[PDB]
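Breakdown of the fold
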Amino acid sequence: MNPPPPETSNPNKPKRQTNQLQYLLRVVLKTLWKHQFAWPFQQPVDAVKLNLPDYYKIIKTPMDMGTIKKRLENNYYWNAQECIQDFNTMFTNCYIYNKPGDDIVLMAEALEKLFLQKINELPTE
Ligand SMILES: COc1ccccc1S(=O)(=O)Nc1ccc2c3c(cc(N4CCN(C)CC4)nc13)C(=O)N2C
């Protein structure tokens, strides 16, 4: 069964638009989005559709690129490090729930290296 998806807007949370956050959306996210391995991560895990009834029994802080994309489109974040922590959560979630060598983990590991490649150098203020 599926918990509610993570929030993509929060009116009591202060918004911010930084050069780095614009970067994370326009180059980092949108390039990762197109990767041949991105598709499992473009939406919250649907534990019913994917027959992963134990996913949200194991994963207590779900995160996906679809959630990150909408948070970025809504200036949900205060700074880029907040966004980068969401990406890191998505990857570590995948490593927690699965085990080394699974196809999904091979996909996450590849995306993580592309992600770490692209955030090595961010714009400045
Ligand atoms: C088996 O399925 C897939 C395998 C590879 C790619 C895509 C699918 S998928 O699109 O069919 N399903 C999934 C989509 C998204 C996820 C998972 C994760 C683990 C996982 N499993 C690992 C194997 N195990 C026997 C079943 C559960 N499957 C999916 C997981 O961390 N994420 C975020």
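Look up a bit, the structure's there.
Criteria and cut-off values
Residues numbered from 1 in each chain as written, not as in the entry; some residues may be left out. Heavy atoms only, no water. Helix = DSSP H or I, 4+ residues; strand = E, 2+ residues; numbered from the N terminus. Rg over C-alpha atoms; globule rule 2.2 N^0.38 Å. Contact = heavy atoms within 4.5 Å. 1 Å grid on protein atoms, 1.4 Å probe; cavity = no way out; pocket = protein on both sides within 12 Å on 5 of 7 lines; lining within 4 Å. Points joined across faces, edges and corners; volume = space filled by probe spheres on them. Nonpolar A, V, L, I, M, F, W, Y, C, P; charged D, E, K, R; others polar. Near = heavy atom within 4 Å. Polar contact = N/O pair within 3.5 Å; in protein donor to acceptor, adjacent residues only side chain to side chain. Areas by Shrake-Rupley, 256 points an atom, 1.4 Å probe, with all protein chains shown as cover. Sits in = over half its atoms within 2 Å of the grid points. Salt bridge = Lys/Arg side-chain N within 4 Å of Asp/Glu carboxyl O. Buried < 20%, exposed > 50% of the residue type's maximum accessible area, 1.4 Å probe, protein only. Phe/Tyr/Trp six-rings, centres within 6.5 Å; stacked < 30°, edge-to-face > 60°. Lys NZ or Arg CZ within 6 Å of the ring centre and 35° of its normal.

Scanning the chain from N- to C-terminus turns up five helices and zero strands. Reading the chain from its N terminus to its C terminus gives the helix and strand order α-α-α-α-α. Its C-alpha atoms give the chain a radius of gyration of 14 Å, within 12% of the compact-globule value 14 Å for 125 residues. With the C-alpha coordinates aligned to their principal axes, the bounding extent of the chain is approximately 45 × 35 × 20 Å. In the chain, of all internal contacts separated by at least 6 residues, the share reaching a separation of at least 24 is 75%.

Another aspect to go through is the layout of surface pockets. Considered as a void within the structure, the largest pocket measures approximately 510 Å³ in volume. As for the largest pocket, its lining consists of 22 residues, of which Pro 40, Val 45, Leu 50, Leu 52 and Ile 104 are closest to the centre. Elements with a minimum of two residues in the lining of the largest pocket: α2 (55-58), α4 (80-97) and α5 (103-119). Its residues placed into classes, the lining of the largest pocket shows 16 nonpolar, three polar and three charged.

Within the structure, the ligand sits among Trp 39, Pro 40, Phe 41, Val 45, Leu 50, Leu 52, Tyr 55, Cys 94, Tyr 97, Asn 98, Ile 104 and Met 107. Here an oxygen atom of the ligand sits 3.0 Å away from a polar atom, N or O, in the side chain of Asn 98. Against a free-state accessible area of 600 Å², the protein chains account for coverage of 64% of the ligand. Spatially, the ligand is embedded in the largest pocket. When residues of the shell around the ligand are traced back to their parent elements, those giving at least two are α4 and α5. By residue class, the composition of the shell around the ligand is 11 nonpolar, one polar and no charged.

Turning our eyes to something else, we now look at the pattern of salt bridges. In total, this model carries three salt bridges according to the counting rule given. One salt bridge connects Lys 69 with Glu 73, and the closest N-O pair in it is separated by 2.9 Å. Of this pair, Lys 69 and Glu 73 are both found in helix α3 (residues 65-73), four residues apart, which corresponds to roughly one turn of the helix. According to the relative accessible area criterion, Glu 73 is partly exposed, its value standing at 44%. Of the charged contacts, one joins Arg 71 and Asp 86 as a salt bridge, the two residues approaching to 2.7 Å between their closest N and O atoms. With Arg 71 in helix α3 and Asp 86 in helix α4, this residue pair connects regions lying 15 residues apart in the sequence. Across the pair, exposure class does not vary: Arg 71 and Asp 86 are buried alike.

Before going further, it helps to examine the packing of aromatic side chains. Counted under the stated rule, the structure contains five aromatic pairs. With centroids separated by 5.7 Å and ring planes inclined at 50°, the aromatic side chains of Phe 91 and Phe 115 adopt a geometry described as tilted. Taken together, the positions of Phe 91 in helix α4 and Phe 115 in helix α5 put the pair 24 residues apart, joining distant regions of the chain. Comparing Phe 91 with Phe 115, the two get one shared label, buried. Sitting over the ring of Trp 33, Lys 69 keeps its end group 5.8 Å from the ring centre.

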